[PDB]
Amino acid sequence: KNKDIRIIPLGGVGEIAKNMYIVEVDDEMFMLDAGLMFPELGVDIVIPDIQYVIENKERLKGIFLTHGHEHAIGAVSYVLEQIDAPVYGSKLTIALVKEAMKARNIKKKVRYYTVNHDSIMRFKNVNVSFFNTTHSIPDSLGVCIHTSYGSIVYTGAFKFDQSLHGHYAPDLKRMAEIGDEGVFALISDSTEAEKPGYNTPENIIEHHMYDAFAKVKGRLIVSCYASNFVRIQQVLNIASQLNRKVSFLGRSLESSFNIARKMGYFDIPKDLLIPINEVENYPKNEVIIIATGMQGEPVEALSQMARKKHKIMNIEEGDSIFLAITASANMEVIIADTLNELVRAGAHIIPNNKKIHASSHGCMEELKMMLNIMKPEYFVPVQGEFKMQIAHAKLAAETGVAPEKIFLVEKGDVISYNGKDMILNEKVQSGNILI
């Protein structure tokens, strides 16, 4: 029988990125996600301060990674330099973590444990199960910690989109079973909680991308995260239909892509991909360049190309730009500055369609669907700035979660439960580590 529960965000509240959520059930502690954030010169990345975990490291039973986005796994190698705990994730997530460990030349012996939606990981106080979620990277998993009070469910990043199948398909039946069995606390993604309706389905997104790219008279540069496999696949498809080759600019894309291709995640025509060095050999209208940072920070790379400071390839008069990111308080200024730089350089920015809502994260109706499936007793909105958390809390109340059981937390807050009351009466060390 479980007695005491603690839920502590170390990153990913008050921001979109660097997600890391500590859950303790009595004397066992679990880290849910371990993301990085790209700085809002003199810092490459920002990771959570894990001093609290270090002070209690003997109780850390595992790091559970939902999906291979940098905002979910970016810190893992740095965490592992301080603590030896097992790393649980999908087969794709695990492969991406290994690649990051290699990239940093880290020799330390890591205990990876591949999990899937059938995995049940048994600990002394709890069992942990998983369910497939839909996101822009395949084989994403939500995490379900079973306690004697009911399940503690962490969604990670997710949306609901019936046009995505295969390794993107959600486990709706398993999710309904979890909700039916009794969810004590839902910890859910707030990124797009301020946006009404549903995300535009990806089949519609791909058709609008086609229309936009077919108008492009010169070169096309697409800026996105290395982990946005959906967008990458769309570009590959459209390139094939438009008789354009595709080239990658940035290592984390070449690496993430090679890994994923070897594992069977991509549908690639022969003769489509070319090395960045061979791009100048084509007419401009026969090339799409997908650009992400060397670190997988796309806008940084765009910014350099716009200012003609990039090492490998720069923007020219008449290039067209497709920016495939939504923005956060942290990235707003660099996006704005980068857009100005592009227009100054004579590039054409492909406009967002007004009818198109493109995100990897559930809008209001998708978050309500998760709330209505899970039927949680307590709700902790995370993965968002405070305004997004508030918007998500409002949705929870609409679905019928008792407003006194919805907790709005900041980094380092401790939500605790003793079997009678849920409280927020303690803080632990938290903050940003600049790398």
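So that there is no doubt, residue numbering starts at 1 and follows the sequence shown.
Engineer: With respect to the deposited sequence, is there a break between residue 40 and residue 41 in this entry, and if so is it 1 to 3, 4 to 9, or 10 or more residues, or none at all?
Structural biologist: Gap between residue 40 and residue 41: 1 to 3 unmodelled residues.
Engineer: What stretch has the higher average Cα B-factor here, 128-136 or 93-101?
Structural biologist: According to the entry, 93-101 carries the higher average C-alpha B-factor.
Engineer: With respect to the recorded C-alpha B factors, which stretch has the higher mean value, 42-50 or 58-66?
Structural biologist: It is 42-50.
Engineer: Among 239, 153, 259, 175, single out the one with the highest C-alpha B factor in the record, please.
Structural biologist: Within the set 239, 153, 259, 175, 259 shows the top C-alpha B-factor.
Engineer: Which has the highest CA B-factor per the PDB entry: 215, 71, 231, 159?
Structural biologist: That would be 215.
Engineer: Name the third of the chain's ranked CA B-factors that contains residue 313, choosing lowest, middle or highest.
Structural biologist: Within its chain, residue 313 is a highest-third residue by C-alpha B-factor, going by the deposited values.
Engineer: When the deposited Cα B-factors of this chain's modelled residues are ordered and cut into thirds, is residue 265 in the lowest, the middle or the highest one?
Structural biologist: Ranked within chain, residue 265 CA B lands in the highest tercile.
Engineer: Using only modelled residues of the chain, where does the Cα B factor of residue 275 rank: lowest third, middle third or highest third?
Structural biologist: According to the entry, residue 275 has a C-alpha B-factor in the chain's highest third.
Engineer: Sorting by Cα B-factor within the chain, modelled residues only, which third would residue 33 end up in: lowest, middle or highest?
Structural biologist: Its C-alpha B-factor, which the entry lists for residue 33, ranks in the lowest third among residues of this chain.
Engineer: Please place residue 365 in the lowest, middle or highest third of its chain by C-alpha B factor as given in the entry.
Structural biologist: Within its chain, residue 365 is a lowest-third residue by C-alpha B-factor, going by the deposited values.
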